[PDB]
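A.B. asks: Would you mind keeping the following structure in view while I ask a few things?
As a convention, Cβ positions derive from the backbone with ideal geometry for all residues, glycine included, and neighbour counts pool all protein chains shown. Values in this text are rule-based calculations from the coordinates and carry no lab data.
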Amino acid sequence: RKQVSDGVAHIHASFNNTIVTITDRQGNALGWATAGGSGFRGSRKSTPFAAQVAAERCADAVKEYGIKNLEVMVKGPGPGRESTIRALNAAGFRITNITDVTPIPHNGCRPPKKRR
Amino acid sequence: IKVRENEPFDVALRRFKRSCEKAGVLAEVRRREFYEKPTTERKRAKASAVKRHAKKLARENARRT
Amino acid sequence: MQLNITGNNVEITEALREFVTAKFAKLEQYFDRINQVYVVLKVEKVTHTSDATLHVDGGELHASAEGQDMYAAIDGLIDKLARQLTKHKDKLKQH
Amino acid sequence: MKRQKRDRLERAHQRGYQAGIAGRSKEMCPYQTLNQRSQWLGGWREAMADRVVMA
Amino acid sequence: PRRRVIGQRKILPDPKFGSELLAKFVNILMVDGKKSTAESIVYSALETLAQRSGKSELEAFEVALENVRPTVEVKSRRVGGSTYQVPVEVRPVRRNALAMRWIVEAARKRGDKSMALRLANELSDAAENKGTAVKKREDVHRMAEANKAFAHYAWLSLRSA
RNA sequence: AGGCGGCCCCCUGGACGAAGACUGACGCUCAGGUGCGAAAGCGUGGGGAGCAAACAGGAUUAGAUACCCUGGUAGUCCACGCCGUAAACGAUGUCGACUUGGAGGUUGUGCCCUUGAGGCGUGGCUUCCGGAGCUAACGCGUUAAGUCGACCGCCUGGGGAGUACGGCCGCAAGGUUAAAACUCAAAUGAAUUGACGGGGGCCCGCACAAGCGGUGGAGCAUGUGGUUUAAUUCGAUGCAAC
RNA sequence: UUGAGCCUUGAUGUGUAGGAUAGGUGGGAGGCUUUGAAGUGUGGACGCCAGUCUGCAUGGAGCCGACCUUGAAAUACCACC
RNA sequence: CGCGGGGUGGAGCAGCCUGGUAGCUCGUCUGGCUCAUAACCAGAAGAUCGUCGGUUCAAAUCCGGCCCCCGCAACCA
RNA sequence: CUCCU
């Protein structure tokens, strides 16, 4: 429980799901909540609203660590990614800075061939 | 991308630069190596560019409105 | 799927009704749930023609085939109906 | 049997919004008069954001 | 329709009480094109709603109505293979009529002896938040609030009022 | 030509332009021949992240040896050999001359007020639009499919067939050269008017949505098919007969 | 670092009823306190979110038991656990 | 042949982490949805907690006896 | 989504 002050809020924002991992400055996790585990299932995981409910259900169950202010990292080009940080302005936090950690390779490995 | 500033901030600047270069390169690179149709899609894109420029230029005569 | 044979100038014999019924049943089983089928046999002095109207969940669908001996016309009509059914079936799958 | 609904003004809006969402990044199927082209393009640019928020 | 915000006509108010909502309510259970016996059912039911409720009749009906009027209503939509329901907000003209349709259907169920006794008891439990139309109200709110995650494109309820 | 994208080094080919000097027709094309030649594949030895034929499984479907999903081996990579084909396409052999214009790109260079990203010319390579002319039309149009010249390759109805047999090459797969019997009166190119599309845009309809009442269950009436009968008169049969 | 066992201690034990986060059994109107009182500068635990423990006062000399509700009367006090 | 553990919806099991009221997925039943089946979603009943006893106010929970399992053994007449 | 003449 550790009585931490500030945290780093990683938001993995893929197409089919958003998971929200609130950690500390150090980089080791304090609590996470996903858009799947909030009652939304299948296609309904892939909405911004499930990301908002995920950010709520993380922002409490990190209450016991006592975080006043947090940074926001967002990885992934998904349908959440903005409603989930409106849901961290509204959850009672002070947003220090917001970054983008979406991995852009200087094209390396080959992508899959997926669609027809 | 990286937004930090004083108390009116945090949304518009970030969704601007984030949304443009992020959604561009990730929505591109997410699948389809293709090896062949960036050539076709750039050729069609730029032929459509010169056809749109000349088409609007000679379409700048009249429209009877 | 019940099937309803009628004939204008074509005397529908019992061997004729057995074959047509079998062919229709086989087609119904293969493509889609079908509710009712009307078959009309016409002879116009040369042309042995056949009409069929299938009532399926989406709606009516009809086909017509001219032949030489009635049997040929029936076969053509059944193949046409099957083709129409494939179109209607995944026309209302379209996932 | 009565008269036209929202006389092309905010019907021109939702045509540009549906055409904005379903691809059509032409922005080159509008009307030609100004009061309808302005919000065909208005619905188009309001539909680009609603394409970013979803798949 | 495609065209026609239609030239709309109003209705006659109720004779015994100064209400057009009540006249709409008579027109709901006015089955088979016969207004007079529906008026006798409504008056015969509001009388025993007054004696079985104490308070006045128009406020008895309206307080009994606002516990079955809804706020969100599902609209079934399909995109691709899925066919999910999307919550639209009910407009306040459709609201009370959609309440009275559920009251009248839930009174055509429930079967007691007379229609005025059935509708009187059904409005009584609608005041009590107990009967059938409150269960249908809570079904609509549970599935619209359960499917709440859909607020989208253009096929429903443009910008505001 | 195939093709070649981080950055640096070493070795090396070609093109271009300015000003001169030099050789003096030393030129063009080229059957045979020789060389290079994407990807897949084959052989030997390494290497193997990601992807991914084959393969397994889950779906989908009437079936689904498929598309979709989860995995996944050859191969993709390197070194050395082979193969020698591609929608190897500009579907346009090479070289040379001549013949109205415009807008650009890129790369040199000359003069003048570089006095300001300035103005006027000049070469090369290249993109589009159009002139006459040409073409069956589509379109090509100084980089021609215009007017000509030199040399080479190739074509002679469609199918059989770029197949068989034989030769040559290859480890193989196969490549190249290349028929005939038979059979048909067509095959084809471009353009036109319709029709059609699970193409697009716009508008509308009890087309959907919002509702009210039905049909399908029942008895009976009436009509039809069938069956019967001596006859069950004849016709009407998707919507548009019942 | 860490179990496990053993002592010495110290907290914890809101069903219902209700003045109340009363564990059982038995004894049981005596200790608390000016060894500087109720409130809180204070700081936590527990937290079945309502009440109990202890840290330091600037205050300073106060509190319950039997007598109200319960299968039950009070960590009022003590013993065995 | 004596030790342990289990007996709770149709089934798998939580509850018995502290004696105070029976709980979750499926199967089974509606309703919405779908062209119908499906998938999704929202509700509902589904048990005298294996049977007799008793231990206090009150027992699925604590303790005896019986039955049924599953293991460990004892298994050298 | 908004960088032209």
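A.B. asks: Can you pull out the GluC sites (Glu not before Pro) in region C:1-90 that DSSP calls coil and that have at most 10 other Cβ atoms within 10 Å?
C.D. replies: On the way: sites: C:11, C:14, C:18, C:28, C:44, C:60, C:66; in loops: C:11, C:44.
For GluC sites (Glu not before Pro) across region C:1-90 that sit outside H, G, I, E and B with at most 10 neighbouring Cβ atoms in 10 Å, the list reads C:11, C:44.
A.B. asks: Given axes a ≥ b ≥ c from the Cα gyration tensor, I'd like to know whether region E:96-156 is rounded (a/c under 1.5), prolate (a/b larger than b/c) or oblate.
C.D. replies: Working: a/c = 3.67, a/b = 2.52, b/c = 1.45.
Judged from the Cα gyration tensor, region E:96-156 comes out prolate (a/c at least 1.5, a/b above b/c).
A.B. asks: Any idea how far apart residue E:63 and residue A:94 come out in nm if each label point goes 7 Å out from Cα toward Cβ?
C.D. replies: 5.1 nm
A.B. asks: If one takes the longest principal axis of the Cα atoms in chain B, at what angle in degrees, from 0 to 90 and to the nearest 10, does the Cα axis of helix B:39-58 lie?
C.D. replies: The two axes meet at around 60 degrees.
A.B. asks: Just C:16, C:85, C:77 to compare: in a GNM of chain C, with alpha carbon springs under 10 Å, which one fluctuates most?
C.D. replies: Looking only at C:16, C:85, C:77, the largest GNM fluctuation is found for C:16.
A.B. asks: Continuing with this model, one more query. Explain nothing, just compute: Karplus ³J(HN,Hα) = 6.51 cos²θ - 1.76 cosθ + 1.60, θ = phi - 60°, for every residue of region D:40-55 in order, whole Hz, x for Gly and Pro.
C.D. replies: 3J(HN,Hα) across region D:40-55, in whole Hz: 5, 5, x, x, 5, 6, 6, 9, 5, 5, 6, 7, 6, 6, 10, 5.
A.B. asks: Hey, how much of the P(r) for region A:21-65 falls beyond 17 Å, as a percent of Cα pairs?
C.D. replies: Numbers: 345 of 990 pairs.
Tail of the P(r) past 17 Å holds 35 percent of the pairs.
A.B. asks: Once fully extended, how much extra length lies between residue D:11 and residue D:35, figured as 0.36 nm per residue of separation less the alpha-carbon to alpha-carbon distance?
C.D. replies: Values: separation 24, 0.36 × 24 = 8.64 nm, distance 1.15 nm.
Roughly 7.5 nm would be gained on extension.
A.B. asks: Restricting things to alpha carbons, find the Rg to Rh ratio for region E:1-147 using the Kirkwood radius for Rh.
C.D. replies: The Rg/Rh ratio comes out at 1.02.
A.B. asks: Still on this structure, please answer the following. How far is helix A:48-59 tilted off the main Cα axis of chain A, in degrees rounded to 10, range 0 to 90?
C.D. replies: Taking Cα atoms only, the helix is inclined about 30 degrees.
A.B. asks: Given the DSSP H assignment, sum -39500 (n - 2.57) over each helix run of at least 4 residues in chain D and divide by its residue total; what's the result at 222 nm in deg cm²/dmol, nearest 500? Kindly include the intermediate steps, with their values, before the conclusion.
C.D. replies: Numbers: 2 runs with 29 residues, N = 55.
Using -39500 (n - 2.57) per qualifying helix, the result is -17000 deg cm²/dmol.
A.B. asks: Does region C:29-77 come out rounded, prolate or oblate by the C-alpha gyration tensor, with a ≥ b ≥ c the root eigenvalues, rounded set by a/c under 1.5 and, if not, prolate when a/b is larger than b/c and oblate if not?
C.D. replies: Numbers: a/c = 3.43, a/b = 2.24, b/c = 1.53.
It comes out prolate by the Cα gyration axes.
A.B. asks: What translational diffusion coefficient, in µm²/s and rounded to a whole number, does the Stokes-Einstein relation yield for chain B at 20 °C and a viscosity of 1.002 mPa s, taking the hydrodynamic radius as the Kirkwood radius over Cα pairs? Present the calculation step by step, with values, prior to reporting the outcome.
C.D. replies: Working: Rh = 15.9 Å.
Translational diffusion coefficient: 135 µm²/s.
A.B. asks: Using a Cα distance threshold of under 24 Å, what count of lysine pairs results for region E:1-88 when pairs must be 8 or more residues apart or interchain?
C.D. replies: Close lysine pairs under the 24 Å cut-off: 10.
A.B. asks: Also, quick follow-up: Round to the nearest 0.05 the FRET efficiency obtained for residue E:138 and residue C:43 when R0 = 56 Å and r is the Cβ-Cβ distance. If you can, show how the numbers build up before the last one.
C.D. replies: Working: r = 66 Å, r/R0 = 1.18.
According to the calculation, E is roughly 0.25.
A.B. asks: Shifting gears a bit: If you keep only loop residues by DSSP, which trypsin sites (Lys or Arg not before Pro) in region E:1-39 have at most 16 other Cβ atoms within 10 Å of their Cβ?
C.D. replies: Values: sites: E:2, E:3, E:4, E:9, E:10, E:16, E:24, E:34, E:35; in loops: E:2, E:3, E:4, E:9, E:10, E:16, E:34.
Answer in residue order: E:2, E:3, E:4, E:9, E:10, E:16, E:34.
A.B. asks: Related question: Assuming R0 = 30 Å, can you tell me the calculated FRET efficiency for the pair residue C:11 and residue C:90, based on Cβ-Cβ distance, to the nearest 0.05? Walk me through the numbers on the way to the answer.
C.D. replies: Details: r = 39 Å, r/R0 = 1.31.
The formula returns an efficiency of 0.15 here.
A.B. asks: Pop a pseudo-label 7 angstrom from the Cα along the beta-carbon direction at both residue B:26 and residue E:56 and give the gap in nm to one decimal.
C.D. replies: A separation of 6.1 nm, rounded to one decimal place.
A.B. asks: Show the residues, 5+ positions off or on another chain, whose built amide H is closer than 5 Å to the amide H of residue E:67.
C.D. replies: Counting only residues 5 or more places away or on other chains, the set is empty.
A.B. asks: Given axes a ≥ b ≥ c from the Cα gyration tensor, I'd like to know whether region A:25-116 is rounded (a/c under 1.5), prolate (a/b larger than b/c) or oblate.
C.D. replies: Oblate shape, in that a/c is at least 1.5 and b/c is the bigger or equal ratio.
A.B. asks: Another question, if that's okay. Roughly how tilted is helix C:14-31, in degrees to the nearest 10 and between 0 and 90, from the longest Cα axis of chain C?
C.D. replies: 20 degrees
A.B. asks: I've got another one for you. Please report the spacing between the Cα centers of region E:82-161 and region B:28-65 in Å, no decimals.
C.D. replies: Between the Cα centre of region E:82-161 and that of region B:28-65, the gap is 52 Å.
A.B. asks: How big is the shadow of the Cα convex hull of chain D, averaged over all directions, in nm²? Don't skip to the end; give the middle numbers.
C.D. replies: Details: hull surface 17.2 nm².
Mean projected area of the Cα convex hull: 4.3 nm².
A.B. asks: Remind me, what semi-axes does the protein assembly as shown give for its equivalent ellipsoid, largest first in whole Å, using sqrt of 5 times each Cα gyration tensor eigenvalue?
C.D. replies: Working: eigenvalues 501, 404, 146 Å².
They are 50, 45, 27 Å, listed largest first.
A.B. asks: Ok, one more. Rank D:24, D:45, D:15 by mean-square fluctuation in a GNM of chain D with C-alpha springs under 10 angstrom and give only the top-ranked residue.
C.D. replies: D:24
A.B. asks: Starting at the first residue of region D:18-34, write each ³J(HN,Hα) from the Karplus equation 6.51 cos²θ - 1.76 cosθ + 1.60 with θ = phi - 60°, in whole Hz, x for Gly and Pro.
C.D. replies: 5, 5, x, 6, 7, x, 6, 7, 3, 6, 9, 10, x, 7, 10, 6, 6
A.B. asks: Apply the Karplus parameterisation 6.51 cos²θ - 1.76 cosθ + 1.60, with θ equal to phi minus 60°, to every residue of region D:2-14 and state each ³J(HN,Hα) to the nearest whole Hz, in sequence, with x for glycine and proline.
C.D. replies: Once rounded to whole Hz, the list reads 9, 8, 4, 8, 6, 5, 6, 6, 9, 10, 4, 5, 6.
A.B. asks: Once amide H atoms are built 1.01 Å from N in the peptide plane, which residues 5 or more positions from residue A:76, or in another chain, come under 5 Å H to H?
C.D. replies: Counting only residues 5 or more places away or on other chains, the set is A:13, A:102.
A.B. asks: Here is a further query. Using a basic spin-label model with each label point 7 Å from the Cα along Cα→Cβ, how many nm lie between residue D:48 and residue A:60?
C.D. replies: Reported label-point gap for residue D:48 and residue A:60 is 4.0 nm.
A.B. asks: Given R₀ = 60 Å, what would the calculated FRET efficiency be for residue A:4 paired with residue B:44, taking r from the Cβ atoms and rounding to 0.05? Can you show the working numbers first?
C.D. replies: Numbers: r = 54 Å, r/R0 = 0.90.
After rounding to 0.05, the efficiency reads 0.65.
A.B. asks: OK, next. Amide H of residue A:34 versus every other amide H placed in the peptide plane: which residues, excluding those fewer than 5 positions away on the same chain, fall under 5 Å?
C.D. replies: The list, which skips near neighbours in sequence, is A:20.
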